[PDB]
Amino acid sequence: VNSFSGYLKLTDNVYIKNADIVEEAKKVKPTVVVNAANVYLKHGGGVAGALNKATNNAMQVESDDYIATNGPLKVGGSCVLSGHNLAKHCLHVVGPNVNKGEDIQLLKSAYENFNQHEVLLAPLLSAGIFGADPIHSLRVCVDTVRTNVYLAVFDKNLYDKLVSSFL
Ligand SMILES: O=C(O)Cc1c(Cl)cccc1Cl
């Protein structure tokens with residue numbers, strides 16, 4: 001049993017809810033919250049901007065030190081950093097950004113990072129400002145992640161379309 005409440009069960013291991021990932025993290029304090037990161041860990045907008053704002057910019061300060069030491073992530077890659085006030089850990093995962101022309105096949109590689117964690121609160125990778133089709137992102141998630149993933153979808157309209165269209 002875990003703390004997550006109000007989710008619809010899609011599969012054995014994948015759950016979904018219409019929720020603000022920031023407000024969900026604040027309530028649950030999950031072991032792992034996933035950030036929709038870019039390779040520079042520049043948390044300007046979308047999910048990353050919202051998570052970072054909720055940490056009062058402490059996520060960005062930590063991230064800048066990580067990049068200064070290690071250099072940029074790979075598209076499809078990840079790093080584990082602090083969850084600050086939101087979670088124990090933040091798994092920063094880089095899905096391909098269609099608005100930069102990145103290979104959508106890298107979305108499966110991105111989701112494979114989730115398998116290193118038994119339970120996660122996450123957004124749909126590569127959707128939102130990254131430009132991918134969220135329906136596709138959900139299919140790749142279900143067909144790739146084997147650990148228990150709780151997906152937060154902010155827009156009620158997209159949430160309802162993801163559920164209604166789910167095979
Ligand atoms: O949650 C939403 O409504 C839209 C959304 C964002 Cl903002 C970021 C990543 C994935 C998705 Cl699906």
Side-chain angles (χ1 to χ4, degrees), residues 2-8 10 14-26 28-100 107 110-111 113-132 134 137-138 141 145 147-163:
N2 67 49
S3 164
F4 286 107
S5 174
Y7 288 71
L8 176 69
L10 294 175
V14 178
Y15 295 79
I16 195 166
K17 185 184 178 176
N18 176 217
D20 181 323
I21 193 173
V22 171
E23 287 309 312
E24 191 74 1
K26 282 198 286 188
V28 175
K29 292 289 238 89
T31 307
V32 181
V33 64
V34 174
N35 182 32
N38 59 53
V39 294
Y40 305 110
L41 302 179
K42 286 171 58 94
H43 308 305
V47 165
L51 291 170
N52 174 58
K53 177 179 179 187
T55 76
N56 180 44
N57 212 50
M59 178 179 283
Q60 189 65 67
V61 169
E62 179 194 34
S63 292
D64 290 347
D65 169 83
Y66 173 90
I67 297 287
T69 298
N70 299 109
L73 298 178
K74 300 171 179 179
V75 179
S78 71
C79 67
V80 180
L81 290 173
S82 180
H84 300 278
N85 55 316
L86 302 181
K88 186 173 195 289
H89 305 288
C90 179
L91 180 70
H92 293 273
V93 180
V94 185
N97 188 327
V98 176
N99 304 317
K100 302 178 176 176
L107 186 54
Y111 274 115
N113 296 286
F114 290 24
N115 291 319
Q116 300 295 318
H117 301 278
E118 286 192 351
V119 183
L120 314 88
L121 171 62
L124 287 167
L125 299 178
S126 291
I129 61 170
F130 284 61
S137 182
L138 178 55
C141 180
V145 180
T147 57
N148 292 324
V149 56
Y150 289 85
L151 295 169
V153 183
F154 182 49
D155 190 75
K156 181 55 161 132
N157 174 318
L158 174 61
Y159 171 85
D160 288 347
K161 180 175 143 128
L162 285 167
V163 169

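FYI, the numbering just counts along the sequence from 1. Note: hydrogens, waters and symmetry copies are ignored here, and every other heavy atom, side chains too, is used.
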Query raised in the report: Quick one: NZ on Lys29 to CG on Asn85, what's the gap to the nearest 0.5 Å?
Result: 7.0 Å
Query raised in the report: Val34 versus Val149: any side-chain heavy-atom pair under 4.5 Å?
Result: no
Query raised in the report: So, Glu24 side chain and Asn18 main chain: donor-acceptor pair closer than 3.5 Å or not?
Result: no
Query raised in the report: For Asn56, what residues pass the side-chain hydrogen bond (donor to acceptor under 3.5 Å, both in side chains) criterion, not counting sequence neighbours?
Result: none
Query - CA sep, side-chain torsions, deciding dist, call: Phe114, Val93, side-chain contact (heavy atoms from CB on, under 4.5 Å) - result: CA-CA 9 Å; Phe114 290 24; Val93 180; 4.1 Å; yes
Query - Worked check of side-chain contact (heavy atoms from CB on, under 4.5 Å) between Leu8 and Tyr159 - result: CA-CA 11 Å; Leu8 176 69; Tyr159 171 85; 3.7 Å; yes
Requested in this report: Give the intermediate values and the outcome of side-chain contact (heavy atoms from CB on, under 4.5 Å) for residues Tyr150 and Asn2.
Outcome: CA-CA 11 Å; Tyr150 289 85; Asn2 67 49; 2.9 Å; yes
Query raised in the report: Are any side-chain N or O atoms of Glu62 and backbone N or O atoms of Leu81, one a donor and one an acceptor, separated by less than 3.5 Å?
Result: no
Requested in this report: Specify the closest pair of heavy atoms between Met59 and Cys90, including all atoms of both residues, with the distance to one decimal.
Outcome: CE-SG, 3.9 Å
**Report entry** Result of checking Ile21, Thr55, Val28 against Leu86 for side-chain contact (heavy atoms from CB on, under 4.5 Å)
**Finding:** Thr55
Requested in this report: Check the pair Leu10 / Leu138 against side-chain contact (heavy atoms from CB on, under 4.5 Å), numbers first and verdict last.
Outcome: CA-CA 10 Å; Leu10 294 175; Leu138 178 55; 3.8 Å; yes
Name each donor-acceptor pair under 3.5 Å that joins a side chain in residues 66-78 to protein atoms two or more places apart or in another chain, with its distance.
from, atom 1, to, atom 2, distance (Å)
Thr69, OG1, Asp65, O, 3.2
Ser78, OG, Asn113, OD1, 2.9

Requested in this report: Locate the shortest heavy-atom distance separating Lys17 from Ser5; write the atom from each residue and the value.
Outcome: NZ-O, 2.8 Å
Query raised in the report: Do any N or O atoms from the side chain of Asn52 and from the backbone of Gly44 form a donor-acceptor pair under 3.5 angstrom?
Result: no
Report task. Give a yes or no on this: more than 12 heavy atoms of other residues, nucleotides or ligands lie within 6.0 Å of atom CG of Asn99. Result -> yes
Query raised in the report: Is there any salt bridge (charged side-chain N to carboxylate O under 4.0 Å, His left out) pair reaching into residues 148-161, and which pairs are they, with sequence neighbours excluded?
Result: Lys156-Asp160
**Report entry** Heavy-atom side-chain proximity of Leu162 to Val153 below 4.5 angstrom
**Finding:** yes
Query raised in the report: So, for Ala152 and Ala19, which heavy atoms are closest and what is the spacing to 0.1 Å?
Result: CB-O, 3.7 Å
Report task. Tell me, yes or no, whether the heavy-atom count around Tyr15 atom OH, taken from other residues, nucleotides or ligands under 6.0 Å, exceeds 12. Result -> yes
Query raised in the report: Any idea which heavy atoms bring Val33 and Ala25 closest together, and the distance?
Result: CG2-CB, 4.4 Å
Requested in this report: Using the test side-chain hydrogen bond (donor to acceptor under 3.5 Å, both in side chains), find all partners of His43 that sit at least two apart in sequence or belong to another chain.
Outcome: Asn35, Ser63
List the atom pairs, with distances to 0.1 Å, where a side-chain N or O of residues 124-132 and a protein N or O form a donor-acceptor pair under 3.5 Å, not counting sequence neighbours.
from, atom 1, to, atom 2, distance (Å)
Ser126, OG, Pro96, O, 2.7

Please tabulate, for side-chain N and O atoms in residues 115-123, each donor-acceptor pair with protein atoms closer than 3.5 Å (sequence neighbours left out).
from, atom 1, to, atom 2, distance (Å)
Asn115, OD1, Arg146, N, 2.8
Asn115, ND2, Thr144, O, 3.1

Query - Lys88, NZ atom: more than 12 neighbouring heavy atoms under 6.0 Å - result: no
